[PDB]
């Protein structure tokens, strides 16, 4: 991948369970009447979280579980692990299947990290969500449907660029991901009007590239 190239995310495995065991439902703390779950793993965590949020907009599902794996996909130690697992729950298998379809389609086509340099060794996520579903709005502590700038980069780049993004528009920090995340990245979620979120995304991206270009000159 060259500088500015999109890095495609991949779904590695998916399973639908029409009627989950009650011990499992208890451990996952599933909502009332949610007897079906859908599980997926993928090789890119933040793309997947955005995808799970998208699924809540497209189907009658809730995000029951979403966690990132230590060291990220480059350090995966089994074939189907990737760097993230997501679980959707819903009242029927048909709705969960629909939620999975939405999530898988999003992961593979709709959001991607971007390479910040020529040897594909620095990458960032700067994704503008026009209207949040139920998952990222809950995460951010904001009303469902608000806009979000989802900004992620490696540790130093993230901290520097997040500050630049906060200065670029009328936005507010609503979730802070101090590095390291499990994948050794950092960043945060910003909210504001859709256009302010987009301005923040653009500024974040430019800032990360600036650091990649000149890491030691301060």
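Residue numbers count along the first chain shown, from 1.
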Mean C-alpha B factor from the entry: is it higher for 122 to 130 or for 79 to 87?
122 to 130
Averaging only over Cα atoms, indicate whether 9 to 17 or 196 to 204 has the higher B-factor in the PDB entry.
196 to 204
Per the deposited entry, the peak Cα B-factor within the set 100, 111, 94, 73 goes to 111
Can you tell me which of 156, 168, 189, 42 has the highest Cα temperature factor in the record?
168
Split the chain's modelled residues into thirds by Cα B-factor; residue 107 lands in the lowest
Divide the modelled residues of the chain into thirds by Cα B-factor and specify which third, lowest, middle or highest, holds residue 31.
highest
Name the third of the chain's ranked CA B-factors that contains residue 58, choosing lowest, middle or highest.
middle
Comparing against every modelled residue in the chain, figure out the third that the C-alpha B-factor of residue 175 lands in (lowest, middle or highest).
middle
